[PDB]
There are 2 protein chains.
Amino acid sequence: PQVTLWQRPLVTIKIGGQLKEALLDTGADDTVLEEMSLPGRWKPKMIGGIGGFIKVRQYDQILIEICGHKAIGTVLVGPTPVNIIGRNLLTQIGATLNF
Amino acid sequence: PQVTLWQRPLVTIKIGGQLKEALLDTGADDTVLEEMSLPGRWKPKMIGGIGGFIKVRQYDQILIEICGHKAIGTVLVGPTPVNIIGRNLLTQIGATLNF
Ligand SMILES: Nc1cccc(CN2C(=O)N(Cc3cccc(N)c3)[C@H](Cc3ccccc3)[C@H](O)[C@@H](O)[C@H]2Cc2ccccc2)c1
């Protein structure tokens, strides 16, 4: 669908039997989910953000269902304020920005 | 234009008489630009992301051109590594995000 940006673009995701809401984020290279039980199998990783690095864990090959859209990639879970879908997954959903 | 998200969506702004590139970022509600020479007065403000919070200076009523499209709005300037165009300008140049 077409999201305007008057309001944060949120979407519902399903992920490991859990239902969440997450920001569709084009500046984020990586999807970051706040803490969750994902079964695995993860390595650690640190990403940077605005003013600081966080230690996050990398799960790979995780089915996410974002709107009616199944996709699979890496998600990182970690102590984020807000769950964020970045461009590793936005490219699978076929997201576009238009201006 | 339409940009797909296979790489970072970066566009040139002209601001303050200066040319820069900035990220177009749907997930940011404010624009945050690395440290630069902008005139005016400004107020202290603190903003948070991943990692935590930065204090930026806030300037208001600033002319940005982002591709060939002018915008006036609040620009926060401060320590960030990436200059971000966030929803407040993005709304004005009419970006939409579609999938
Ligand atoms: N790799 C990666 C994955 C996930 C998140 C980030 C880090 N980000 C942020 O810190 N943000 C704070 C940010 C950035 C700009 C403006 C504001 N208002 C906030 C928000 C995400 C966010 C966090 C918390 C609350 C709301 C949103 C922004 O929407 C994201 O695009 C990037 C912007 C960015 C900063 C530094 C380096 C690269 C990219 C990076």
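Chain letters run A, B, ... following the sequence lines, proteins first, then strands; residues in each count from 1. Atom set for the values below is all heavy atoms of this structure, side chains included, hydrogens, waters and symmetry mates excluded.
Looking only at side-chain heavy atoms (C-beta outward), B:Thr26 and A:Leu97 come within less than 4.5 Å of each other. Counting heavy atoms from C-beta on, the side chains of B:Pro1 and A:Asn98 never come closer than 4.5 Å. With a 4.5 Å cut-off on side-chain heavy atoms, B:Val3 and A:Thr96 do not count as touching. Under the 4.5 Å side-chain criterion, counting only non-hydrogen atoms from C-beta, B:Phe99 is in contact with A:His69.
Under the 4.5 Å side-chain heavy-atom criterion for grouping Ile, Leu, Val, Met, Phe, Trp and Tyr, A:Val77 is not connected to A:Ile47 through any hydrophobic cluster. Cluster membership check: A:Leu23 shares its hydrophobic cluster with A:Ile54, using side-chain heavy-atom separations under 4.5 Å among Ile, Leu, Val, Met, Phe, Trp and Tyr. Hydrophobic clustering (ILVMFWY, side-chain heavy atoms < 4.5 Å, transitive): B:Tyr59 and B:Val56 are in distinct clusters. B:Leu63 and B:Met36 fall into different hydrophobic clusters, where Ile, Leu, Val, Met, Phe, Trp and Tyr residues are linked whenever their side-chain heavy atoms come under 4.5 Å apart, directly or through other members. In the hydrophobic cluster analysis, where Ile, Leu, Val, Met, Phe, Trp and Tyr join through side-chain heavy atoms closer than 4.5 angstrom, A:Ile72 is grouped apart from A:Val75.
Atom CD1 of residue B:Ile50 and atom OG1 of residue A:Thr80 lie 3.5 Å apart, to the nearest 0.5 angstrom. To the nearest 0.5 Å, the span separating CD on A:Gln7 from OG1 on B:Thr91 amounts to 8.5 Å. Here the CG atom belonging to B:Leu5 is positioned 12.0 Å from the CG atom belonging to A:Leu89, to the nearest 0.5 angstrom.
Residue A:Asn88 does not touch chain B at all, counting heavy-atom pairs closer than 4.5 Å. If you measure heavy-atom distances from B:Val82 to chain A, you find no contacts under 4.5 Å at all. Only the side chain of B:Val11 comes within less than 4.5 Å of a heavy atom in chain A; its backbone stays farther off.
Remark: B:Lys55 NZ is loosely packed, at most 12 non-hydrogen atoms of other residues, nucleotides or ligands lying under 6.0 Å away. Within 6.0 Å of the CD atom in A:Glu35, the count of heavy atoms belonging to other residues, nucleotides or ligands exceeds 12. Within 6.0 Å of CE on B:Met46 lie no more than 12 heavy atoms contributed by other residues, nucleotides or ligands.
For A:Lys43, the salt bridge (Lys or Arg N to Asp or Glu O under 4.0 Å) partners at least two apart in sequence or on another chain are A:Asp60.
Contact between B:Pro9 and A:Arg87 at its shortest, heavy atoms only, is CD-CD, 4.1 Å.
Your options are A:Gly51, A:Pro81, A:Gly49, and the one with the most heavy-atom pairs under 4.5 Å with chain B is A:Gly51. Here A:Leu24 is the residue among A:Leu24, A:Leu90, A:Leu10 with the most heavy-atom pairs under 4.5 Å with chain B.
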